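S.K.: Sequence first, structure after, both from an experimental entry:
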Protein chains: 2
Amino acid sequence: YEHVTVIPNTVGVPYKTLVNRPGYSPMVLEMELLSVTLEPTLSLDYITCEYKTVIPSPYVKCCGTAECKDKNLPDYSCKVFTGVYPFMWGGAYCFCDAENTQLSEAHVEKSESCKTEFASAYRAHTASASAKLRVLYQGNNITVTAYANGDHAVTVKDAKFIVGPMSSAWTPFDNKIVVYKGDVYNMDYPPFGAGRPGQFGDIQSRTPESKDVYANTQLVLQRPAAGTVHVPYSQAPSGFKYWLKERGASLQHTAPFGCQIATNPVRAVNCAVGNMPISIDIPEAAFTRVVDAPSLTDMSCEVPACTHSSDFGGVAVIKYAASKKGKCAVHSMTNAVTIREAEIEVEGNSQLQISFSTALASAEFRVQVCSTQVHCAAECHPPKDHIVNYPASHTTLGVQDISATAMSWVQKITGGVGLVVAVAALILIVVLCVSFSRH
Amino acid sequence: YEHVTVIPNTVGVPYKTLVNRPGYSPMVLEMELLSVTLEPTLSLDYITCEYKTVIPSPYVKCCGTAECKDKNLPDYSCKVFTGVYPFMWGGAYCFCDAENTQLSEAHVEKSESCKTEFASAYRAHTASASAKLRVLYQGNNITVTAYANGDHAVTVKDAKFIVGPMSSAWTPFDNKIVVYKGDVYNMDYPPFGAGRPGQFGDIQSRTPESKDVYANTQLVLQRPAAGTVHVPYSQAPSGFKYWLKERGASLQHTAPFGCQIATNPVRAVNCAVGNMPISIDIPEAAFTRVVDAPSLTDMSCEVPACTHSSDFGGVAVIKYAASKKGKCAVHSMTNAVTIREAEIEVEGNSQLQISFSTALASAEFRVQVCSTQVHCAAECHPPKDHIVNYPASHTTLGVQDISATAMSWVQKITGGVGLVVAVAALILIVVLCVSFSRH
């Protein structure tokens, strides 16, 4: 028997689906999503990290002008400074006090630390959805793991499950993301080979191990002074270190729908978006014939107490004549009231007790037990706790088409006004009938 | 100077662009795509290959009934047959006949051959398009390799090139593809865990090395021939072998737009779809001032021959007076005529020869030789050959462009009819003016 149902894409909340196969006792399956994951497919664009500036010992040519040639190093710079008269600990270094020049050169390369401390610029395309589903099949708690793309059917206890496709293709991740450690950011990182100084991406490489490094640090060599032998320079500070200080909140804290973000690999977890279709193939052996099942008679419902609040604030007690001893499923006949128990055992002429959750001020519902039904009704009190740390178990909130009891006031006013109109209309019609009877 | 152009994605066809930077001599660049690759990102769903049926020696109970035990092997089947009296080469298997029964069992495993002979079922997402561009820059042929997503900067000869984004996101690959050796197919392969016997994907595993194997071969054990111990069975033939025989044409033979398909990695090459924006950052050192360039005066164009053969069969000769020896860039002032030469060397008082390709019946066009322009005209002949082995170098012409100078027939006829209308209109106007002058 193929049964198809749809549940909201929420986590930690059970849903009930009724399986009606004629000739067999009704079956109720309790389904709960334990985890939902959207895993994006990523392609690495580049790695950015802290740069290292390399400055070889300066060359001093005492008598004559020093010269250098262009090099192909990532951000190479070279300059010759004239009129220098450098000193060492033992006194002046250079004999000539004229035509004395210093040759300074420097280049930029990726730091060795880039193998450990770096940010990865990734491109996101599409995501593969998957989920862990708990199903109360045959009274047992069975965990079903499958992809949520309408594929990868899995079989547990001879029951085949197909999950998805998802009703929504929304993801918390943008096309461009940056991953540092456990933190993922929706950052529009600059194009490879065209980074800017003092900003994220000032130094770039395709992979951590690559020797191909782009660098733009605006490294400028400065003149030495006061007889010193140093090689001063002006260079923009690493944009990586600046970014780390100014990262701001990551998607783990800013993403909508309560999405959790994880890395290694990158995942979006338990996003409350859209819904998830589920198709279950149920073996014929899983069904009990109505002739073998218990059949209840002379049933009646009472409701000792009710609070219209979360976590099943209502309680109902139903008296039944068991007839044959056995067990059967219990299901609500309305979406306004949800019953916690999926099934009960019936014996003798005892009463059954079930709990329920509703947003209704007046709980008006029917309960189906062992293929027969009773009518339950109660006035439900409000909660005292304004706020709770768990999601509501009831289906929805009150709507214009749903109201409390003792609302006969609305009917009485509507009826009274409608009567006044009906009478006024009749009086005018009768007078007109007379008017048209003239001549 | 940043120069932005758009060229067609047709590979092997050069396009020229004019760089107009006021104060400097006009520069002409030639660009040709050598290769365009659309490389899809793939995610493996499953591997399918030939299955191996495993049948262990049967068990014969000489005087009694054997029983089967359940097993969790991928397609396990077991049956016990009665009334069997098997023989060996040396005589009957046992003394007892009527109570003699046989137990046969079998299961299915993926073949060890699946390591080298298998088809991979992939899902495709997006393509990381890239291109290899040939550029004529400063008189030299340079090669630029870059991604075509618009986010990759490549600098050559101090000139920065940006390629893309692509004007089209079309790919020859569908969302679901199957790859065997060098052959990629677009097929809706069956979902994992739910294959069908005798069809592709009858036996599946997530990876070639996986021990988790799904199989649906509909293996049924049959009763052995009397007097024998063999184990007969009915099983669907491998769907992999059937698929190999019925594969049909591969995408490299069926794909639109002349796409070439290759595997390892899977990619589409040189698809003639849409166009590709290119942005070039040209350094000031690359430019020559108008005062540095030769000035060309008193020049005229003569066209000794023209055929619209699409092979640059047209020839034009331009007589010029140059102020000094040097080089000038040459560019067509119309899209109907393309000139093969990007630049010409000019000296003293002489003439230069260039070749061109057009589809015009009458080659009326202007040519910019340096800082000045000359007008060319010719009557062009058709080619003798019907078919060529290369794409046309000329562009597509509209209705107003294909017309010859013989179109003066249209003007004479249209003018004649227009004159008749103008006169008839005048006659009516004059009569109406008189008509209201006498009433």
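M.R.: Arrived safely, thanks for sending. Numbers count the residues shown, from 1 in each chain, chains lettered A, B, ... in the order given.
S.K.: going forward, measure contacts between C-alpha atoms and count neighbours the same way
M.R.: Noted.
S.K.: Spit out the contact partners of residue A:160.
M.R.: Shown here is residue A:160, whose contacts under the criterion CA atoms under 8 Å, 6 or more residues apart in numbering or on different chains are A:153, A:154, A:280, A:281, A:282.
S.K.: could you dump those to CSV with neighbour count, distance to chain B and secondary structure?
M.R.: Supplementary listing: those in CSV, determined by neighbours: other CA atoms under 10 Å in any protein chain shown; distance: CA to the nearest CA, whole Å; DSSP: H, G, I helix; E, B strand; the rest coil:
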residue, neighbour count, distance to chain B, secondary structure
A:153, 20, 5, strand
A:154, 19, 6, strand
A:280, 18, 13, strand
A:281, 15, 12, strand
A:282, 18, 15, coil
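S.K.: which among those residues gets closest to residue A:405?
M.R.: When those are compared for distance to residue A:405, the smallest value, 39.2 Å, is given by residue A:280; criterion: CA to CA.
S.K.: That closest one is in contact with residue A:2, isn't it?
M.R.: Yes - Residue A:280 is within contact range of residue A:2, at 6.0 Å (criterion: CA atoms under 8 Å).
S.K.: one step back: can I get the contacts of residue A:160 in CSV with distance to residue A:365?
M.R.: Written out in CSV, the entries for the contacts of residue A:160 read as follows (distance: CA to CA, whole Å):
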residue, distance to residue A:365
A:153, 37
A:154, 36
A:280, 28
A:281, 30
A:282, 29
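S.K.: Residue B:32: which of those residues is nearest?
M.R.: residue A:153 (49.3 Å).
S.K.: Chain neighbours aside, what residue packs nearest to residue A:174?
M.R.: Take residue A:174 and drop its neighbours on the chain: the residue closest to it by CA to CA, 6 or more residues apart in numbering or on different chains is residue A:186, 5.8 Å away.
S.K.: could you check the distance from that neighbour over to residue A:256?
M.R.: Applying CA to CA, to the nearest Å, the value for residue A:186 to residue A:256 is 13 Å.
S.K.: same question, residue A:435
M.R.: According to CA to CA, residue A:435 stands 70 Å off from residue A:256.
S.K.: next one: residue A:268
M.R.: Using CA to CA, residue A:268 is found at 11 Å from residue A:256.
S.K.: Looking at these two, which is more packed in?
M.R.: Residue environment comparison for residue A:268 versus residue A:256 gives the larger neighbour count to residue A:268, 23 against 14, counting by other CA atoms under 10 Å in any protein chain shown.
S.K.: Spit out the contact partners of that one.
M.R.: Taking CA under 8 Å, 6+ apart as the criterion, residue A:268 is in contact with A:37, A:38, A:39, A:171, A:172, A:259, A:260, A:261, A:262.
S.K.: my guess is residue A:224 meets residue A:103, correct?
M.R.: No - in this structure, residue A:224 is not within contact of residue A:103 by CA under 8 Å, at 10.6 Å.
S.K.: which residues in the stretch 151-300 of chain A form helices?
M.R.: Taking DSSP state H, counting those that start in this stretch as the criterion, the stretch 151-300 of chain A contains helices spanning A:239-245, A:251-254.
S.K.: For residue B:295, find the nearest of the ones you listed.
M.R.: Nearest of these to residue B:295, taken as CA to CA: helix A:239-245 at 49.8 Å.
S.K.: How about the residues of chain A by chain B?
M.R.: Remark: the part of chain A in contact with chain B comprises A:125, A:126, A:151, A:152, A:153, A:154, A:190, A:191, A:192, A:193, A:194, using CA under 8 Å from any CA of the partner chain.
S.K.: Tell me the one among the residues you listed nearest to residue B:250.
M.R.: Closest approach between these and residue B:250, by CA to CA: residue A:151, at 25.3 Å.
S.K.: my guess is residue A:205 meets residue A:51, correct?
M.R.: No - using CA under 8 Å, residue A:205 is not in contact with residue A:51; the gap is 11.1 Å.
S.K.: May I ask you to name the longest helix in chain A?
M.R.: Within chain A, and with DSSP state H defining each element, the longest helix by residue count is helix A:408-435.
S.K.: in it, what counts as buried?
M.R.: Neighbour-count burial for helix A:408-435, counted by 16 or more other CA atoms under 10 Å in any protein chain shown, picks out no residue.
S.K.: And the residue nearest the centre of chain A?
M.R.: Centre of chain A computed as the mean C-alpha position; nearest residue by CA atoms, centre = their mean is residue A:271, 2.1 Å away.
S.K.: do you know how far that residue is from residue A:40?
M.R.: Note on residue A:271: its distance to residue A:40, by CA to CA, is 14 Å.
S.K.: what do you get for residue A:226?
M.R.: 59 Å.
S.K.: Residue A:410 too?
M.R.: On the measure of CA to CA, residue A:410 and residue A:40 end up 54 Å apart.
S.K.: do the same with residue A:211
M.R.: When CA to CA is the yardstick, residue A:211 and residue A:40 sit 29 Å from each other.
S.K.: ok, now residue A:153?
M.R.: Using CA to CA, which is the criterion applied here, residue A:153 is 21 Å from residue A:40.
S.K.: now swap in residue A:126 and tell me
M.R.: 6 Å.
S.K.: so how many other residues sit close to residue A:39?
M.R.: Residue A:39 sits with 20 neighbouring residues when counted by other CA under 10 Å.
S.K.: pretty sure it contacts residue A:125?
M.R.: No - taking contact to mean CA under 8 Å, the distance of 10.5 Å between residue A:39 and residue A:125 leaves them out of contact.
S.K.: picking up where we left off before, look up the residues that both of residue A:224 and residue A:103 are in contact with.
M.R.: By CA under 8 Å, 6+ apart, residue A:224 and residue A:103 have these common neighbours: residue A:81.
S.K.: Quick check: closest non-adjacent residue to residue A:243.
M.R.: Sequence neighbours aside, residue A:200 is the residue nearest to residue A:243 in space, at 6.0 Å (criterion: CA to CA, 6+ apart).
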